[PDB]
Protein chains: 4
Amino acid sequence: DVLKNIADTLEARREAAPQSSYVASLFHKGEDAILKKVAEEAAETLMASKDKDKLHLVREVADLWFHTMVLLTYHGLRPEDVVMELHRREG
Amino acid sequence: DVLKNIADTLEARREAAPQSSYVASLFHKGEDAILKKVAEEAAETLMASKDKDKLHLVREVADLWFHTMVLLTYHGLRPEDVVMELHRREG
Amino acid sequence: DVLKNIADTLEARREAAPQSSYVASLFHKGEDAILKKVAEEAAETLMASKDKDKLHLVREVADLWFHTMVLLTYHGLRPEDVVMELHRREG
Amino acid sequence: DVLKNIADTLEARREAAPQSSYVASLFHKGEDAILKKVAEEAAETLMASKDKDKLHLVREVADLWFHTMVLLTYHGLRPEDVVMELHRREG
């Protein structure tokens with residue numbers, strides 16, 4: 001769909017050059033560097049929600065999902081897993 | 001797709017009975033109660049990643065996205081916004 | 001001082017009965033259960049700060065430090081370590 | 001004791017030059033910039049605990065408490081409040 005393409009792009013540059021891209025620099029830095037970002041975006045999501053800044057909220061929630069996908073890719077998993085897991089629950 | 005249906009389901013019971021469902025109890029409790037859960041799942045995502053528990057990771061990341069969607073719905077927004085925001089960036 | 005006494009109390013019931021106390025139940029539950037709480041109080045601290053609820057802020061920051069101390073105790077460490085580490089930096 | 005001195009130092013440079021110190025730059029940046037740090041150190045505390053890196057754990061928990069104090073100072077409060085609040089509970 002859209003996430004699949006992003007996932008494929010992530011896996012593509014999974015083991016690319018550290019300077020190649022941002023996603024590449026993350027993967028090279030490691031698990032911690034990725035988790036930092038996840039936590040960061042999660043906190044910003046809270047802040048955004050509190051400030052009723054609906055535009056910032058969406059940007060952060062997106063940045064959160066994105067880094068979450070970067071994390072999944074680091075663990076040899078991918079979006080669909082999460083989507084299917086979501087499906088398995090509700091509905 | 002799958003998220004759209006979940007979103008529609010969330011909006012449906014947005015102002016339902018507090019005892020109707022879990023999602024309903026959350027909405028009734030408020031913003032804070034929703035944010036607690038978002039933060040919770042974010043933390044668990046970190047723990048899961050560290051423990052290399054790939055199955056727990058996916059379950060949590062999904063619970064995170066789910067509550068993130070609950071948050072969006074609380075603010076009169078929805079998944080597609082995040083998906084399109086994701087598209088606007090990468091690609 | 002005050003933290004020392006709390007620390008001593010924590011270490012005291014470190015390996016007590018699971019039903020003995022709350023602190024005891026935590027230790028029995030494990031590392032994760034303790035980290036959940038640390039993250040929870042951290043999030044609430046953010047929320048409280050945002051809502052300018054100065055009384056709730058102090059209650060949460062305290063709950064945070066407390067669980068942080070429970071964490072340290074779980075790792076065979078203690079408050080003074082943190083205090084001294086704080087001293088070593090500023091001043 | 002030790003925290004009191006740090007608190008006093010924080011309040012001292014509360015409204016100092018943005019370039020004066022790190023604590024000064026934070027206060028100038030705002031509430032959000034301080035909350036970012038609190039969340040950051042909280043997440044690092046989780047990571048450290050998981051990696052059993054006991055030395056990093058104490059360094060982070062201390063950085064956490066420190067930024068928590070910076071937060072308190074930003075809200076015209078101070079350490080003793082948290083310490084007393086801690087006392088009021090246990091013991």
# chains A, B, ... in the order shown; residues from 1 in each chain; ligands from 1
>>> calpha_fit_and_write(fixed="chain A", moving="chain D", output="PDB file with N, CA and C atoms, in the first residue's frame")
ATOM      1  N   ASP D   1       0.869  -1.238   0.003  1.00  0.00           N
ATOM      2  CA  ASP D   1       0.028  -0.014   0.004  1.00  0.00           C
ATOM      3  C   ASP D   1       0.880   1.259   0.008  1.00  0.00           C
ATOM      4  N   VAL D   2       1.310   1.687   1.194  1.00  0.00           N
ATOM      5  CA  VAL D   2       2.140   2.886   1.378  1.00  0.00           C
ATOM      6  C   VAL D   2       3.219   2.495   2.378  1.00  0.00           C
ATOM      7  N   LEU D   3       2.788   1.764   3.406  1.00  0.00           N
ATOM      8  CA  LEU D   3       3.665   1.276   4.461  1.00  0.00           C
ATOM      9  C   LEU D   3       4.598   0.209   3.887  1.00  0.00           C
ATOM     10  N   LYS D   4       4.049  -0.644   3.016  1.00  0.00           N
ATOM     11  CA  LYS D   4       4.815  -1.714   2.378  1.00  0.00           C
ATOM     12  C   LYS D   4       5.997  -1.148   1.628  1.00  0.00           C
ATOM     13  N   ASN D   5       5.748  -0.066   0.901  1.00  0.00           N
ATOM     14  CA  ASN D   5       6.781   0.596   0.118  1.00  0.00           C
ATOM     15  C   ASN D   5       7.858   1.157   1.028  1.00  0.00           C
ATOM     16  N   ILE D   6       7.432   1.769   2.132  1.00  0.00           N
ATOM     17  CA  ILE D   6       8.360   2.334   3.108  1.00  0.00           C
ATOM     18  C   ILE D   6       9.195   1.197   3.707  1.00  0.00           C
ATOM     19  N   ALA D   7       8.516   0.101   4.047  1.00  0.00           N
ATOM     20  CA  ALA D   7       9.162  -1.080   4.618  1.00  0.00           C
ATOM     21  C   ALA D   7      10.232  -1.587   3.673  1.00  0.00           C
ATOM     22  N   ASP D   8       9.842  -1.784   2.414  1.00  0.00           N
ATOM     23  CA  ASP D   8      10.747  -2.262   1.369  1.00  0.00           C
ATOM     24  C   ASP D   8      11.955  -1.342   1.238  1.00  0.00           C
ATOM     25  N   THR D   9      11.710  -0.040   1.344  1.00  0.00           N
ATOM     26  CA  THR D   9      12.769   0.954   1.240  1.00  0.00           C
ATOM     27  C   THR D   9      13.708   0.825   2.432  1.00  0.00           C
ATOM     28  N   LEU D  10      13.134   0.559   3.607  1.00  0.00           N
ATOM     29  CA  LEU D  10      13.919   0.397   4.832  1.00  0.00           C
ATOM     30  C   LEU D  10      14.830  -0.824   4.714  1.00  0.00           C
ATOM     31  N   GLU D  11      14.234  -1.955   4.329  1.00  0.00           N
ATOM     32  CA  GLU D  11      14.967  -3.209   4.160  1.00  0.00           C
ATOM     33  C   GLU D  11      16.045  -3.049   3.102  1.00  0.00           C
ATOM     34  N   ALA D  12      15.732  -2.268   2.069  1.00  0.00           N
ATOM     35  CA  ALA D  12      16.660  -2.012   0.977  1.00  0.00           C
ATOM     36  C   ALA D  12      17.960  -1.408   1.502  1.00  0.00           C
ATOM     37  N   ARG D  13      17.846  -0.293   2.215  1.00  0.00           N
ATOM     38  CA  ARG D  13      19.025   0.363   2.766  1.00  0.00           C
ATOM     39  C   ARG D  13      19.389  -0.139   4.168  1.00  0.00           C
ATOM     40  N   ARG D  14      18.864  -1.309   4.532  1.00  0.00           N
ATOM     41  CA  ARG D  14      19.132  -1.920   5.834  1.00  0.00           C
ATOM     42  C   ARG D  14      20.635  -1.972   6.091  1.00  0.00           C
ATOM     43  N   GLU D  15      21.376  -2.485   5.115  1.00  0.00           N
ATOM     44  CA  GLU D  15      22.825  -2.587   5.231  1.00  0.00           C
ATOM     45  C   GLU D  15      23.528  -1.767   4.149  1.00  0.00           C
ATOM     46  N   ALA D  16      23.129  -0.501   4.039  1.00  0.00           N
ATOM     47  CA  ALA D  16      23.717   0.416   3.066  1.00  0.00           C
ATOM     48  C   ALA D  16      24.824   1.222   3.744  1.00  0.00           C
ATOM     49  N   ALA D  17      25.276   2.283   3.081  1.00  0.00           N
ATOM     50  CA  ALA D  17      26.334   3.135   3.627  1.00  0.00           C
ATOM     51  C   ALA D  17      25.825   4.000   4.784  1.00  0.00           C
ATOM     52  N   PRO D  18      26.628   4.140   5.858  1.00  0.00           N
ATOM     53  CA  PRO D  18      26.246   4.944   7.026  1.00  0.00           C
ATOM     54  C   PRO D  18      25.869   6.376   6.643  1.00  0.00           C
ATOM     55  N   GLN D  19      26.509   6.881   5.593  1.00  0.00           N
ATOM     56  CA  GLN D  19      26.263   8.235   5.108  1.00  0.00           C
ATOM     57  C   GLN D  19      25.205   8.281   4.007  1.00  0.00           C
ATOM     58  N   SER D  20      24.833   7.104   3.508  1.00  0.00           N
ATOM     59  CA  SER D  20      23.834   6.961   2.449  1.00  0.00           C
ATOM     60  C   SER D  20      22.537   7.723   2.723  1.00  0.00           C
ATOM     61  N   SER D  21      21.944   7.474   3.887  1.00  0.00           N
ATOM     62  CA  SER D  21      20.693   8.114   4.264  1.00  0.00           C
ATOM     63  C   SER D  21      20.595   8.244   5.783  1.00  0.00           C
ATOM     64  N   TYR D  22      19.478   8.796   6.250  1.00  0.00           N
ATOM     65  CA  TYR D  22      19.226   8.957   7.674  1.00  0.00           C
ATOM     66  C   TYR D  22      18.916   7.581   8.241  1.00  0.00           C
ATOM     67  N   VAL D  23      18.029   6.864   7.561  1.00  0.00           N
ATOM     68  CA  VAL D  23      17.632   5.525   7.974  1.00  0.00           C
ATOM     69  C   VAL D  23      18.864   4.627   8.049  1.00  0.00           C
ATOM     70  N   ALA D  24      19.802   4.852   7.134  1.00  0.00           N
ATOM     71  CA  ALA D  24      21.037   4.082   7.092  1.00  0.00           C
ATOM     72  C   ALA D  24      21.922   4.390   8.299  1.00  0.00           C
ATOM     73  N   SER D  25      22.007   5.667   8.672  1.00  0.00           N
ATOM     74  CA  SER D  25      22.828   6.077   9.814  1.00  0.00           C
ATOM     75  C   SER D  25      22.296   5.460  11.097  1.00  0.00           C
ATOM     76  N   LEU D  26      20.967   5.399  11.212  1.00  0.00           N
ATOM     77  CA  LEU D  26      20.308   4.815  12.378  1.00  0.00           C
ATOM     78  C   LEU D  26      20.703   3.357  12.539  1.00  0.00           C
ATOM     79  N   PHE D  27      20.450   2.576  11.494  1.00  0.00           N
ATOM     80  CA  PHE D  27      20.769   1.155  11.493  1.00  0.00           C
ATOM     81  C   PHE D  27      22.224   0.913  11.879  1.00  0.00           C
ATOM     82  N   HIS D  28      23.113   1.783  11.411  1.00  0.00           N
ATOM     83  CA  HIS D  28      24.523   1.649  11.724  1.00  0.00           C
ATOM     84  C   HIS D  28      24.793   1.963  13.188  1.00  0.00           C
ATOM     85  N   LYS D  29      24.093   2.965  13.719  1.00  0.00           N
ATOM     86  CA  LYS D  29      24.252   3.365  15.120  1.00  0.00           C
ATOM     87  C   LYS D  29      23.793   2.272  16.078  1.00  0.00           C
ATOM     88  N   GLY D  30      22.705   1.592  15.725  1.00  0.00           N
ATOM     89  CA  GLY D  30      22.229   0.507  16.563  1.00  0.00           C
ATOM     90  C   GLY D  30      20.822   0.561  17.124  1.00  0.00           C
ATOM     91  N   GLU D  31      20.488  -0.487  17.874  1.00  0.00           N
ATOM     92  CA  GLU D  31      19.188  -0.639  18.512  1.00  0.00           C
ATOM     93  C   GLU D  31      18.856   0.542  19.410  1.00  0.00           C
ATOM     94  N   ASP D  32      19.788   0.893  20.285  1.00  0.00           N
ATOM     95  CA  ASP D  32      19.593   1.991  21.221  1.00  0.00           C
ATOM     96  C   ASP D  32      19.238   3.295  20.525  1.00  0.00           C
ATOM     97  N   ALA D  33      20.015   3.656  19.512  1.00  0.00           N
ATOM     98  CA  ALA D  33      19.757   4.883  18.772  1.00  0.00           C
ATOM     99  C   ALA D  33      18.336   4.895  18.176  1.00  0.00           C
ATOM    100  N   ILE D  34      17.827   3.723  17.811  1.00  0.00           N
ATOM    101  CA  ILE D  34      16.490   3.617  17.248  1.00  0.00           C
ATOM    102  C   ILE D  34      15.446   3.753  18.358  1.00  0.00           C
ATOM    103  N   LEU D  35      15.712   3.124  19.498  1.00  0.00           N
ATOM    104  CA  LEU D  35      14.799   3.173  20.632  1.00  0.00           C
ATOM    105  C   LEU D  35      14.700   4.579  21.204  1.00  0.00           C
ATOM    106  N   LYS D  36      15.800   5.329  21.138  1.00  0.00           N
ATOM    107  CA  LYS D  36      15.827   6.706  21.618  1.00  0.00           C
ATOM    108  C   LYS D  36      14.784   7.486  20.853  1.00  0.00           C
ATOM    109  N   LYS D  37      14.834   7.350  19.533  1.00  0.00           N
ATOM    110  CA  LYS D  37      13.903   8.022  18.643  1.00  0.00           C
ATOM    111  C   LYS D  37      12.454   7.605  18.894  1.00  0.00           C
ATOM    112  N   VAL D  38      12.217   6.315  19.103  1.00  0.00           N
ATOM    113  CA  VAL D  38      10.858   5.857  19.347  1.00  0.00           C
ATOM    114  C   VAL D  38      10.284   6.531  20.581  1.00  0.00           C
ATOM    115  N   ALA D  39      11.087   6.547  21.642  1.00  0.00           N
ATOM    116  CA  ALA D  39      10.702   7.156  22.923  1.00  0.00           C
ATOM    117  C   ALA D  39      10.493   8.666  22.756  1.00  0.00           C
ATOM    118  N   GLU D  40      11.394   9.305  22.012  1.00  0.00           N
ATOM    119  CA  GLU D  40      11.317  10.722  21.732  1.00  0.00           C
ATOM    120  C   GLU D  40       9.981  11.098  21.076  1.00  0.00           C
ATOM    121  N   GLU D  41       9.653  10.423  19.965  1.00  0.00           N
ATOM    122  CA  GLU D  41       8.417  10.673  19.240  1.00  0.00           C
ATOM    123  C   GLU D  41       7.201  10.348  20.082  1.00  0.00           C
ATOM    124  N   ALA D  42       7.330   9.376  20.975  1.00  0.00           N
ATOM    125  CA  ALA D  42       6.221   9.003  21.849  1.00  0.00           C
ATOM    126  C   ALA D  42       5.916  10.140  22.825  1.00  0.00           C
ATOM    127  N   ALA D  43       6.976  10.746  23.349  1.00  0.00           N
ATOM    128  CA  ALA D  43       6.851  11.835  24.307  1.00  0.00           C
ATOM    129  C   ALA D  43       6.308  13.071  23.611  1.00  0.00           C
ATOM    130  N   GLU D  44       6.773  13.302  22.382  1.00  0.00           N
ATOM    131  CA  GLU D  44       6.319  14.452  21.617  1.00  0.00           C
ATOM    132  C   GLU D  44       4.834  14.312  21.277  1.00  0.00           C
ATOM    133  N   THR D  45       4.394  13.072  21.088  1.00  0.00           N
ATOM    134  CA  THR D  45       2.995  12.775  20.806  1.00  0.00           C
ATOM    135  C   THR D  45       2.166  13.214  22.023  1.00  0.00           C
ATOM    136  N   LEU D  46       2.675  12.943  23.218  1.00  0.00           N
ATOM    137  CA  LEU D  46       1.986  13.324  24.432  1.00  0.00           C
ATOM    138  C   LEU D  46       1.898  14.836  24.521  1.00  0.00           C
ATOM    139  N   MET D  47       3.035  15.499  24.326  1.00  0.00           N
ATOM    140  CA  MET D  47       3.108  16.954  24.377  1.00  0.00           C
ATOM    141  C   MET D  47       2.137  17.587  23.365  1.00  0.00           C
ATOM    142  N   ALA D  48       2.181  17.107  22.122  1.00  0.00           N
ATOM    143  CA  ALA D  48       1.312  17.614  21.057  1.00  0.00           C
ATOM    144  C   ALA D  48      -0.156  17.470  21.416  1.00  0.00           C
ATOM    145  N   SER D  49      -0.522  16.304  21.942  1.00  0.00           N
ATOM    146  CA  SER D  49      -1.902  16.044  22.327  1.00  0.00           C
ATOM    147  C   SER D  49      -2.358  17.046  23.362  1.00  0.00           C
ATOM    148  N   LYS D  50      -1.506  17.280  24.351  1.00  0.00           N
ATOM    149  CA  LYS D  50      -1.804  18.199  25.438  1.00  0.00           C
ATOM    150  C   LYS D  50      -1.992  19.643  24.966  1.00  0.00           C
ATOM    151  N   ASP D  51      -1.151  20.058  24.027  1.00  0.00           N
ATOM    152  CA  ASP D  51      -1.224  21.400  23.472  1.00  0.00           C
ATOM    153  C   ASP D  51      -2.319  21.550  22.405  1.00  0.00           C
ATOM    154  N   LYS D  52      -3.083  20.478  22.181  1.00  0.00           N
ATOM    155  CA  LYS D  52      -4.143  20.463  21.174  1.00  0.00           C
ATOM    156  C   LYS D  52      -3.649  20.862  19.786  1.00  0.00           C
ATOM    157  N   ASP D  53      -2.339  20.809  19.574  1.00  0.00           N
ATOM    158  CA  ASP D  53      -1.745  21.162  18.289  1.00  0.00           C
ATOM    159  C   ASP D  53      -1.952  19.973  17.340  1.00  0.00           C
ATOM    160  N   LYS D  54      -3.184  19.828  16.848  1.00  0.00           N
ATOM    161  CA  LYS D  54      -3.560  18.734  15.953  1.00  0.00           C
ATOM    162  C   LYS D  54      -2.668  18.500  14.743  1.00  0.00           C
ATOM    163  N   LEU D  55      -2.014  19.532  14.235  1.00  0.00           N
ATOM    164  CA  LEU D  55      -1.124  19.309  13.106  1.00  0.00           C
ATOM    165  C   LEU D  55       0.187  18.676  13.545  1.00  0.00           C
ATOM    166  N   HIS D  56       0.685  19.086  14.709  1.00  0.00           N
ATOM    167  CA  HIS D  56       1.938  18.547  15.228  1.00  0.00           C
ATOM    168  C   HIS D  56       1.706  17.101  15.679  1.00  0.00           C
ATOM    169  N   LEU D  57       0.517  16.843  16.218  1.00  0.00           N
ATOM    170  CA  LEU D  57       0.146  15.519  16.683  1.00  0.00           C
ATOM    171  C   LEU D  57       0.293  14.486  15.574  1.00  0.00           C
ATOM    172  N   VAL D  58      -0.310  14.762  14.425  1.00  0.00           N
ATOM    173  CA  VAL D  58      -0.230  13.859  13.298  1.00  0.00           C
ATOM    174  C   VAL D  58       1.203  13.737  12.806  1.00  0.00           C
ATOM    175  N   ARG D  59       1.964  14.822  12.823  1.00  0.00           N
ATOM    176  CA  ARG D  59       3.343  14.748  12.356  1.00  0.00           C
ATOM    177  C   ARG D  59       4.165  13.836  13.249  1.00  0.00           C
ATOM    178  N   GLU D  60       3.920  13.923  14.548  1.00  0.00           N
ATOM    179  CA  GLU D  60       4.647  13.100  15.505  1.00  0.00           C
ATOM    180  C   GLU D  60       4.209  11.639  15.481  1.00  0.00           C
ATOM    181  N   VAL D  61       2.903  11.400  15.515  1.00  0.00           N
ATOM    182  CA  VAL D  61       2.388  10.046  15.460  1.00  0.00           C
ATOM    183  C   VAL D  61       2.948   9.339  14.225  1.00  0.00           C
ATOM    184  N   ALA D  62       3.120  10.085  13.143  1.00  0.00           N
ATOM    185  CA  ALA D  62       3.661   9.517  11.923  1.00  0.00           C
ATOM    186  C   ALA D  62       5.149   9.229  12.096  1.00  0.00           C
ATOM    187  N   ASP D  63       5.868  10.142  12.741  1.00  0.00           N
ATOM    188  CA  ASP D  63       7.297   9.946  12.982  1.00  0.00           C
ATOM    189  C   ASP D  63       7.477   8.732  13.912  1.00  0.00           C
ATOM    190  N   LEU D  64       6.521   8.564  14.824  1.00  0.00           N
ATOM    191  CA  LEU D  64       6.517   7.461  15.771  1.00  0.00           C
ATOM    192  C   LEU D  64       6.402   6.172  14.977  1.00  0.00           C
ATOM    193  N   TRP D  65       5.299   6.032  14.237  1.00  0.00           N
ATOM    194  CA  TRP D  65       5.068   4.846  13.412  1.00  0.00           C
ATOM    195  C   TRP D  65       6.283   4.585  12.540  1.00  0.00           C
ATOM    196  N   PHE D  66       6.825   5.639  11.927  1.00  0.00           N
ATOM    197  CA  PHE D  66       7.980   5.458  11.082  1.00  0.00           C
ATOM    198  C   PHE D  66       9.144   4.819  11.800  1.00  0.00           C
ATOM    199  N   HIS D  67       9.496   5.349  12.963  1.00  0.00           N
ATOM    200  CA  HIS D  67      10.628   4.785  13.691  1.00  0.00           C
ATOM    201  C   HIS D  67      10.320   3.400  14.243  1.00  0.00           C
ATOM    202  N   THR D  68       9.040   3.137  14.456  1.00  0.00           N
ATOM    203  CA  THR D  68       8.590   1.847  14.934  1.00  0.00           C
ATOM    204  C   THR D  68       8.909   0.846  13.821  1.00  0.00           C
ATOM    205  N   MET D  69       8.620   1.242  12.584  1.00  0.00           N
ATOM    206  CA  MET D  69       8.893   0.422  11.408  1.00  0.00           C
ATOM    207  C   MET D  69      10.409   0.233  11.254  1.00  0.00           C
ATOM    208  N   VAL D  70      11.182   1.272  11.559  1.00  0.00           N
ATOM    209  CA  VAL D  70      12.626   1.161  11.468  1.00  0.00           C
ATOM    210  C   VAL D  70      13.067   0.090  12.460  1.00  0.00           C
ATOM    211  N   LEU D  71      12.441   0.103  13.636  1.00  0.00           N
ATOM    212  CA  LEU D  71      12.746  -0.858  14.683  1.00  0.00           C
ATOM    213  C   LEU D  71      12.435  -2.255  14.157  1.00  0.00           C
ATOM    214  N   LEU D  72      11.202  -2.460  13.681  1.00  0.00           N
ATOM    215  CA  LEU D  72      10.781  -3.748  13.146  1.00  0.00           C
ATOM    216  C   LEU D  72      11.765  -4.264  12.115  1.00  0.00           C
ATOM    217  N   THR D  73      12.164  -3.386  11.206  1.00  0.00           N
ATOM    218  CA  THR D  73      13.117  -3.754  10.156  1.00  0.00           C
ATOM    219  C   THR D  73      14.456  -4.209  10.754  1.00  0.00           C
ATOM    220  N   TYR D  74      14.863  -3.551  11.840  1.00  0.00           N
ATOM    221  CA  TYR D  74      16.106  -3.880  12.517  1.00  0.00           C
ATOM    222  C   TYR D  74      16.042  -5.295  13.084  1.00  0.00           C
ATOM    223  N   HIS D  75      14.840  -5.725  13.459  1.00  0.00           N
ATOM    224  CA  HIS D  75      14.628  -7.061  14.014  1.00  0.00           C
ATOM    225  C   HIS D  75      14.179  -8.080  12.960  1.00  0.00           C
ATOM    226  N   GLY D  76      14.410  -7.764  11.688  1.00  0.00           N
ATOM    227  CA  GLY D  76      14.024  -8.663  10.612  1.00  0.00           C
ATOM    228  C   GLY D  76      12.530  -8.924  10.494  1.00  0.00           C
ATOM    229  N   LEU D  77      11.718  -7.976  10.961  1.00  0.00           N
ATOM    230  CA  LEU D  77      10.257  -8.081  10.888  1.00  0.00           C
ATOM    231  C   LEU D  77       9.785  -6.976   9.951  1.00  0.00           C
ATOM    232  N   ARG D  78       8.472  -6.792   9.855  1.00  0.00           N
ATOM    233  CA  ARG D  78       7.925  -5.737   9.007  1.00  0.00           C
ATOM    234  C   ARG D  78       6.460  -5.383   9.269  1.00  0.00           C
ATOM    235  N   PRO D  79       6.052  -4.157   8.881  1.00  0.00           N
ATOM    236  CA  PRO D  79       4.715  -3.570   9.030  1.00  0.00           C
ATOM    237  C   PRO D  79       3.532  -4.516   8.996  1.00  0.00           C
ATOM    238  N   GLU D  80       3.458  -5.311   7.933  1.00  0.00           N
ATOM    239  CA  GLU D  80       2.374  -6.262   7.735  1.00  0.00           C
ATOM    240  C   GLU D  80       2.124  -7.085   8.988  1.00  0.00           C
ATOM    241  N   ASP D  81       3.205  -7.435   9.683  1.00  0.00           N
ATOM    242  CA  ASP D  81       3.088  -8.219  10.907  1.00  0.00           C
ATOM    243  C   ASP D  81       2.196  -7.467  11.885  1.00  0.00           C
ATOM    244  N   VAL D  82       2.489  -6.181  12.058  1.00  0.00           N
ATOM    245  CA  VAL D  82       1.731  -5.326  12.974  1.00  0.00           C
ATOM    246  C   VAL D  82       0.304  -5.128  12.486  1.00  0.00           C
ATOM    247  N   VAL D  83       0.163  -4.937  11.174  1.00  0.00           N
ATOM    248  CA  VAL D  83      -1.149  -4.737  10.568  1.00  0.00           C
ATOM    249  C   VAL D  83      -1.994  -5.988  10.776  1.00  0.00           C
ATOM    250  N   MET D  84      -1.412  -7.150  10.468  1.00  0.00           N
ATOM    251  CA  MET D  84      -2.116  -8.421  10.644  1.00  0.00           C
ATOM    252  C   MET D  84      -2.429  -8.658  12.120  1.00  0.00           C
ATOM    253  N   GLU D  85      -1.482  -8.310  12.984  1.00  0.00           N
ATOM    254  CA  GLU D  85      -1.680  -8.470  14.413  1.00  0.00           C
ATOM    255  C   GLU D  85      -2.845  -7.581  14.854  1.00  0.00           C
ATOM    256  N   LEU D  86      -2.975  -6.432  14.195  1.00  0.00           N
ATOM    257  CA  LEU D  86      -4.048  -5.497  14.489  1.00  0.00           C
ATOM    258  C   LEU D  86      -5.377  -6.093  14.038  1.00  0.00           C
ATOM    259  N   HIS D  87      -5.341  -6.742  12.876  1.00  0.00           N
ATOM    260  CA  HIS D  87      -6.516  -7.376  12.284  1.00  0.00           C
ATOM    261  C   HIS D  87      -6.982  -8.546  13.139  1.00  0.00           C
ATOM    262  N   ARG D  88      -6.026  -9.363  13.564  1.00  0.00           N
ATOM    263  CA  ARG D  88      -6.314 -10.530  14.383  1.00  0.00           C
ATOM    264  C   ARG D  88      -7.104 -10.155  15.647  1.00  0.00           C
ATOM    265  N   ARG D  89      -6.845  -8.964  16.183  1.00  0.00           N
ATOM    266  CA  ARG D  89      -7.541  -8.490  17.375  1.00  0.00           C
ATOM    267  C   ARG D  89      -8.937  -7.976  17.020  1.00  0.00           C
ATOM    268  N   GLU D  90      -9.018  -6.689  16.666  1.00  0.00           N
ATOM    269  CA  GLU D  90     -10.282  -6.041  16.296  1.00  0.00           C
ATOM    270  C   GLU D  90     -10.794  -6.524  14.940  1.00  0.00           C
ATOM    271  N   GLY D  91     -11.930  -7.221  14.971  1.00  0.00           N
ATOM    272  CA  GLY D  91     -12.527  -7.750  13.757  1.00  0.00           C
ATOM    273  C   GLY D  91     -12.083  -9.174  13.468  1.00  0.00           C
TER     274      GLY D  91
END
>>> select_by_dssp(residues="chain B", states="alpha helix (DSSP H)", output="PyMOL selection string")
chain B and resi 3-12+22-29+31-50+54-74+79-89
>>> decode(residues="region 79-91 of chain A", atoms="N, CA and C atoms", output="tab-separated table (two decimals), in the first residue's frame")
chain	number	residue	atom	x	y	z
A	79	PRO	N	6.05	-4.16	8.86
A	79	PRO	CA	4.71	-3.58	8.99
A	79	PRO	C	3.53	-4.52	8.97
A	80	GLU	N	3.46	-5.31	7.91
A	80	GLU	CA	2.36	-6.27	7.73
A	80	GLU	C	2.11	-7.10	8.98
A	81	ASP	N	3.19	-7.46	9.67
A	81	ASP	CA	3.10	-8.23	10.90
A	81	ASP	C	2.22	-7.49	11.89
A	82	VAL	N	2.50	-6.19	12.04
A	82	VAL	CA	1.76	-5.32	12.95
A	82	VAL	C	0.32	-5.12	12.47
A	83	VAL	N	0.17	-4.93	11.16
A	83	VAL	CA	-1.15	-4.73	10.59
A	83	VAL	C	-1.99	-5.99	10.78
A	84	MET	N	-1.42	-7.15	10.46
A	84	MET	CA	-2.13	-8.42	10.63
A	84	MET	C	-2.44	-8.65	12.10
A	85	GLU	N	-1.50	-8.30	12.97
A	85	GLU	CA	-1.69	-8.45	14.41
A	85	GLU	C	-2.86	-7.56	14.86
A	86	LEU	N	-2.99	-6.41	14.21
A	86	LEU	CA	-4.08	-5.49	14.52
A	86	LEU	C	-5.40	-6.09	14.06
A	87	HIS	N	-5.36	-6.73	12.89
A	87	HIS	CA	-6.52	-7.36	12.30
A	87	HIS	C	-6.98	-8.53	13.15
A	88	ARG	N	-6.02	-9.35	13.58
A	88	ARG	CA	-6.29	-10.52	14.40
A	88	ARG	C	-7.09	-10.14	15.66
A	89	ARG	N	-6.84	-8.95	16.19
A	89	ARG	CA	-7.53	-8.47	17.38
A	89	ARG	C	-8.93	-7.96	17.02
A	90	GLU	N	-9.02	-6.67	16.67
A	90	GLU	CA	-10.28	-6.03	16.30
A	90	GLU	C	-10.80	-6.52	14.95
A	91	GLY	N	-11.94	-7.21	14.97
A	91	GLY	CA	-12.52	-7.74	13.76
A	91	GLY	C	-12.07	-9.17	13.48
